[PDB]
Amino acid sequence: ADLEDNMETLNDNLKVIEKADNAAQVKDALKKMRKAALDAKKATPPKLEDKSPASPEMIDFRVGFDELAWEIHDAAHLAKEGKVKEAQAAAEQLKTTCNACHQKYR
Amino acid sequence: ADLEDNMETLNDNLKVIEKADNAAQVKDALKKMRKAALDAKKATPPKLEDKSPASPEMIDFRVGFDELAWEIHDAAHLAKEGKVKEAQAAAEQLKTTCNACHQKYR
Amino acid sequence: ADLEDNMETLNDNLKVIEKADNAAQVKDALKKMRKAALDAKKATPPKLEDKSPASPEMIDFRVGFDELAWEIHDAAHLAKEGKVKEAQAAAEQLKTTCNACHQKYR
Ligand code: HEC
Ligand code: HEC
Ligand code: HEC
Ligand SMILES: [Cl-]
Ligand SMILES: [Cl-]
Ligand SMILES: [Cl-]
Ligand SMILES: [Cl-]
Ligand SMILES: [Cl-]
Ligand SMILES: [Cl-]
Ligand SMILES: [Cl-]
Ligand SMILES: [Cu+2]
């Protein structure tokens, strides 16, 4: 999928997790977010289109999705551990990783 | 290792998982698959040899092994949770990720 | 952070794990190591500064941190499963991955 579609999937599933009742719902949404994060790794964001495809900026962009996927996975572990409120709280904390990349490249 | 050798390790361990008796056999095979997937990330596949090393095609190739590694890890989690036949079925479902990359680059 | 700073974080937390009393101490250190491993993925190491940014050597370098992150995560799983001394021993075994990269690129 294109970058913007993956970002809509990330944003939409944050709100799903926010309103989730149980851990299965949280787990399903985090799974969808992890897939979107890795798929977004394939894209070139408009503000880096003039950069080398392996410039430091593009590497930082791509590695940002590795960091987000690993952080999504930490939240999933908390859900799989039955700790739903903790997984939700962790899913909210993902915004700091969302924001860090946006501040540089959105 | 060679790309071809990593693919043999992926294929061989998919059949090991299919015939496995118990969770330890599944987890050991999935561990070997994850290692092969990440090692295959280092390679340039013959059909992309005339492409730039960070062309969209090479990124898509490399990210495909991130996606496979994460999907392998999901199956390992199910095995770690004792859900053996669920892990085996998940390992069978990896073939859709195997085929998606093959369709494009094999 | 600097590549050098990330390497000191990996080294320091290996000794923290070696002396840890319980699983929360091991988990917290492994989390810091995984973060440093992925951040180190963004760097260009001195020995490869004259290589193209997606040369086979730079890919091998970056994928080495994917492999380390996954091995760190395997050790965390062992901690999260209460197997403290098994996680400590696994953290000690990470040195073979530290050494393999160092031999090529340090
Ligand atoms: C870099 C590593 C990013 C991470 C991590 C996240 N986002 Fe992002 N996002 C990024 C870019 C470069 C862009 C611009 C894309 C474009 O083509 O304009 C975006 C955009 C969004 C959007 C708006 C999409 C649009 O219509 O243009 C949203 C709603 C969004 N991002 C949400 C989002 C969330 C919730 C994230 C973490 C959970 C997140 N993004 C991570 C780069 C990166
Ligand atoms: C891209 C991201 C791939 C993924 C994911 C998987 N495979 Fe693959 N495979 C890929 C290529 C480009 C090639 C051709 C390599 C060559 O040098 O010809 C292959 C090849 C195979 C083979 C045959 C190996 C050979 O002797 O040439 C097998 C048996 C194979 N692949 C199996 C396999 C399985 C089971 C996968 C999922 C678990 C899988 N591959 C993923 C690229 C990619
Ligand atoms: C490549 C994939 C590496 C892996 C995996 C690890 N290290 Fe590393 N390290 C690497 C390079 C190219 C360098 C030299 C660059 C530099 O930072 O100087 C290093 C360096 C170190 C150092 C010295 C830091 C300094 O002040 O120069 C230490 C103490 C170190 N590395 C530790 C370390 C540990 C414990 C690792 C595994 C857990 C590890 N490194 C992995 C490249 C790579
Ligand atoms: Cl996950
Ligand atoms: Cl936007
Ligand atoms: Cl790259
Ligand atoms: Cl990568
Ligand atoms: Cl795994
Ligand atoms: Cl083939
Ligand atoms: Cl971890
Ligand atoms: Cu895990």
# chains A, B, ... in the order shown; residues from 1 in each chain; ligands from 1

call {"tool": "residues_near_ligand", "arguments": {"ligand": "ligand 9", "cutoff": "10 Å", "atoms": "only C-alpha atoms and all ligand atoms", "output": "compact mmCIF listing (two decimals) with C-alpha atoms, in the first residue's frame"}}
result
# COMPACT_ATOMS: atom_id res chain seq x y z
CA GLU B 4 20.02 -20.19 -2.30
CA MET B 7 15.98 -20.58 0.88
CA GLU B 8 16.76 -24.29 1.29
CA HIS B 102 8.68 -15.06 -5.37
CA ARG B 106 12.38 -15.07 -8.12

call {"tool": "closest_atom_pairs", "arguments": {"of": "chain C", "to": "ligand 10", "cutoff": "12 Å", "atoms": "only C-alpha atoms and all ligand atoms", "output": "JSON lines"}}
result
{"residue": "C:26", "atom": "CA", "partner": "ligand 10", "partner_atom_place_in_ligand_line": "1 (Cl)", "distance": 10.3}
{"residue": "C:27", "atom": "CA", "partner": "ligand 10", "partner_atom_place_in_ligand_line": "1 (Cl)", "distance": 7.5}
{"residue": "C:28", "atom": "CA", "partner": "ligand 10", "partner_atom_place_in_ligand_line": "1 (Cl)", "distance": 8.9}
{"residue": "C:29", "atom": "CA", "partner": "ligand 10", "partner_atom_place_in_ligand_line": "1 (Cl)", "distance": 9.3}
{"residue": "C:30", "atom": "CA", "partner": "ligand 10", "partner_atom_place_in_ligand_line": "1 (Cl)", "distance": 6.0}
{"residue": "C:31", "atom": "CA", "partner": "ligand 10", "partner_atom_place_in_ligand_line": "1 (Cl)", "distance": 5.2}
{"residue": "C:32", "atom": "CA", "partner": "ligand 10", "partner_atom_place_in_ligand_line": "1 (Cl)", "distance": 8.6}
{"residue": "C:33", "atom": "CA", "partner": "ligand 10", "partner_atom_place_in_ligand_line": "1 (Cl)", "distance": 8.3}
{"residue": "C:34", "atom": "CA", "partner": "ligand 10", "partner_atom_place_in_ligand_line": "1 (Cl)", "distance": 6.1}
{"residue": "C:35", "atom": "CA", "partner": "ligand 10", "partner_atom_place_in_ligand_line": "1 (Cl)", "distance": 8.7}
{"residue": "C:36", "atom": "CA", "partner": "ligand 10", "partner_atom_place_in_ligand_line": "1 (Cl)", "distance": 11.4}
{"residue": "C:37", "atom": "CA", "partner": "ligand 10", "partner_atom_place_in_ligand_line": "1 (Cl)", "distance": 10.9}
{"residue": "C:38", "atom": "CA", "partner": "ligand 10", "partner_atom_place_in_ligand_line": "1 (Cl)", "distance": 11.4}
{"residue": "C:66", "atom": "CA", "partner": "ligand 10", "partner_atom_place_in_ligand_line": "1 (Cl)", "distance": 11.9}
{"residue": "C:68", "atom": "CA", "partner": "ligand 10", "partner_atom_place_in_ligand_line": "1 (Cl)", "distance": 10.4}
{"residue": "C:69", "atom": "CA", "partner": "ligand 10", "partner_atom_place_in_ligand_line": "1 (Cl)", "distance": 7.3}
{"residue": "C:70", "atom": "CA", "partner": "ligand 10", "partner_atom_place_in_ligand_line": "1 (Cl)", "distance": 7.6}
{"residue": "C:71", "atom": "CA", "partner": "ligand 10", "partner_atom_place_in_ligand_line": "1 (Cl)", "distance": 8.6}
{"residue": "C:72", "atom": "CA", "partner": "ligand 10", "partner_atom_place_in_ligand_line": "1 (Cl)", "distance": 5.8}
{"residue": "C:73", "atom": "CA", "partner": "ligand 10", "partner_atom_place_in_ligand_line": "1 (Cl)", "distance": 3.8}
{"residue": "C:74", "atom": "CA", "partner": "ligand 10", "partner_atom_place_in_ligand_line": "1 (Cl)", "distance": 7.3}
{"residue": "C:75", "atom": "CA", "partner": "ligand 10", "partner_atom_place_in_ligand_line": "1 (Cl)", "distance": 7.5}
{"residue": "C:76", "atom": "CA", "partner": "ligand 10", "partner_atom_place_in_ligand_line": "1 (Cl)", "distance": 5.2}
{"residue": "C:77", "atom": "CA", "partner": "ligand 10", "partner_atom_place_in_ligand_line": "1 (Cl)", "distance": 7.3}
{"residue": "C:78", "atom": "CA", "partner": "ligand 10", "partner_atom_place_in_ligand_line": "1 (Cl)", "distance": 10.2}
{"residue": "C:79", "atom": "CA", "partner": "ligand 10", "partner_atom_place_in_ligand_line": "1 (Cl)", "distance": 9.8}
{"residue": "C:80", "atom": "CA", "partner": "ligand 10", "partner_atom_place_in_ligand_line": "1 (Cl)", "distance": 9.5}
{"residue": "C:87", "atom": "CA", "partner": "ligand 10", "partner_atom_place_in_ligand_line": "1 (Cl)", "distance": 11.5}
{"residue": "C:91", "atom": "CA", "partner": "ligand 10", "partner_atom_place_in_ligand_line": "1 (Cl)", "distance": 11.6}

call {"tool": "write_last_selection", "arguments": {"atoms": "C-alpha atoms", "output": "tab-separated table (two decimals), in the first residue's frame"}}
result
chain	number	residue	atom	x	y	z
C	26	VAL	CA	17.37	-8.17	33.03
C	27	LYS	CA	14.33	-7.03	31.02
C	28	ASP	CA	15.09	-3.34	31.52
C	29	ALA	CA	18.70	-3.77	30.37
C	30	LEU	CA	17.76	-5.83	27.31
C	31	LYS	CA	15.22	-3.15	26.35
C	32	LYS	CA	17.98	-0.53	26.48
C	33	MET	CA	20.22	-2.80	24.38
C	34	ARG	CA	17.56	-3.33	21.72
C	35	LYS	CA	17.01	0.43	21.47
C	36	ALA	CA	20.76	1.00	21.08
C	37	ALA	CA	21.08	-1.77	18.48
C	38	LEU	CA	18.42	-0.20	16.26
C	66	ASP	CA	18.52	-6.75	13.03
C	68	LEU	CA	21.29	-8.64	17.35
C	69	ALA	CA	17.88	-7.09	18.11
C	70	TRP	CA	16.16	-10.42	17.49
C	71	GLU	CA	18.71	-12.25	19.66
C	72	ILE	CA	18.24	-9.66	22.39
C	73	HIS	CA	14.51	-10.25	22.11
C	74	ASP	CA	15.00	-14.02	22.48
C	75	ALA	CA	16.85	-13.32	25.73
C	76	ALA	CA	14.06	-11.01	26.91
C	77	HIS	CA	11.50	-13.76	26.23
C	78	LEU	CA	13.51	-16.05	28.51
C	79	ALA	CA	13.48	-13.36	31.18
C	80	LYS	CA	9.77	-12.61	30.67
C	87	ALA	CA	18.35	-15.18	30.05
C	91	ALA	CA	22.88	-12.40	27.05

call {"tool": "interface_residues", "arguments": {"of": "chain C", "to": "chain B", "cutoff": "9 Å", "atoms": "only C-alpha atoms", "output": "PyMOL selection string"}}
result
chain C and resi 53-57+59-60+63-64+66-67+70

call {"tool": "write_last_selection", "arguments": {"atoms": "N, CA and C atoms", "output": "PDB file, in the first residue's frame"}}
result
ATOM      1  N   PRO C  53      26.494   3.835   0.211  1.00  0.00           N
ATOM      2  CA  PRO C  53      25.607   3.692   1.384  1.00  0.00           C
ATOM      3  C   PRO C  53      24.772   2.421   1.395  1.00  0.00           C
ATOM      4  N   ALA C  54      24.614   1.732   0.265  1.00  0.00           N
ATOM      5  CA  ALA C  54      23.914   0.449   0.261  1.00  0.00           C
ATOM      6  C   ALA C  54      24.779  -0.628  -0.378  1.00  0.00           C
ATOM      7  N   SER C  55      26.087  -0.463  -0.288  1.00  0.00           N
ATOM      8  CA  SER C  55      27.026  -1.511  -0.637  1.00  0.00           C
ATOM      9  C   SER C  55      26.691  -2.781   0.131  1.00  0.00           C
ATOM     10  N   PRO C  56      27.115  -3.947  -0.360  1.00  0.00           N
ATOM     11  CA  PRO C  56      26.909  -5.174   0.414  1.00  0.00           C
ATOM     12  C   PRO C  56      27.419  -5.061   1.836  1.00  0.00           C
ATOM     13  N   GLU C  57      28.517  -4.321   2.050  1.00  0.00           N
ATOM     14  CA  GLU C  57      29.092  -4.175   3.384  1.00  0.00           C
ATOM     15  C   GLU C  57      28.179  -3.368   4.302  1.00  0.00           C
ATOM     16  N   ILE C  59      24.934  -3.084   3.976  1.00  0.00           N
ATOM     17  CA  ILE C  59      23.747  -3.902   4.218  1.00  0.00           C
ATOM     18  C   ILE C  59      24.041  -4.935   5.287  1.00  0.00           C
ATOM     19  N   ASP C  60      25.179  -5.614   5.141  1.00  0.00           N
ATOM     20  CA  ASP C  60      25.618  -6.571   6.143  1.00  0.00           C
ATOM     21  C   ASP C  60      25.710  -5.917   7.517  1.00  0.00           C
ATOM     22  N   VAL C  63      22.057  -5.189   8.742  1.00  0.00           N
ATOM     23  CA  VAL C  63      21.343  -6.414   9.080  1.00  0.00           C
ATOM     24  C   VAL C  63      21.934  -7.062  10.327  1.00  0.00           C
ATOM     25  N   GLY C  64      23.237  -6.901  10.563  1.00  0.00           N
ATOM     26  CA  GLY C  64      23.792  -7.361  11.832  1.00  0.00           C
ATOM     27  C   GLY C  64      23.043  -6.829  13.042  1.00  0.00           C
ATOM     28  N   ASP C  66      19.767  -5.998  12.984  1.00  0.00           N
ATOM     29  CA  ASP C  66      18.517  -6.747  13.028  1.00  0.00           C
ATOM     30  C   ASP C  66      18.717  -8.072  13.737  1.00  0.00           C
ATOM     31  N   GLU C  67      19.811  -8.764  13.419  1.00  0.00           N
ATOM     32  CA  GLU C  67      20.082 -10.055  14.041  1.00  0.00           C
ATOM     33  C   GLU C  67      20.320  -9.894  15.537  1.00  0.00           C
ATOM     34  N   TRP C  70      16.949  -9.211  17.322  1.00  0.00           N
ATOM     35  CA  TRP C  70      16.162 -10.424  17.492  1.00  0.00           C
ATOM     36  C   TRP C  70      16.765 -11.331  18.559  1.00  0.00           C
TER      37      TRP C  70
END

call {"tool": "select_by_dssp", "arguments": {"residues": "chain A", "states": "alpha helix (DSSP H)", "output": "number ranges by chain"}}
result
A: 3-19, 23-40, 56-80, 84-93, 95-105

call {"tool": "atom_distance", "arguments": {"atom1": "CA of residue 95 in chain A", "atom2": "atom 1 (C, counted along the ligand's line) of ligand 1"}}
result
11.4 Å
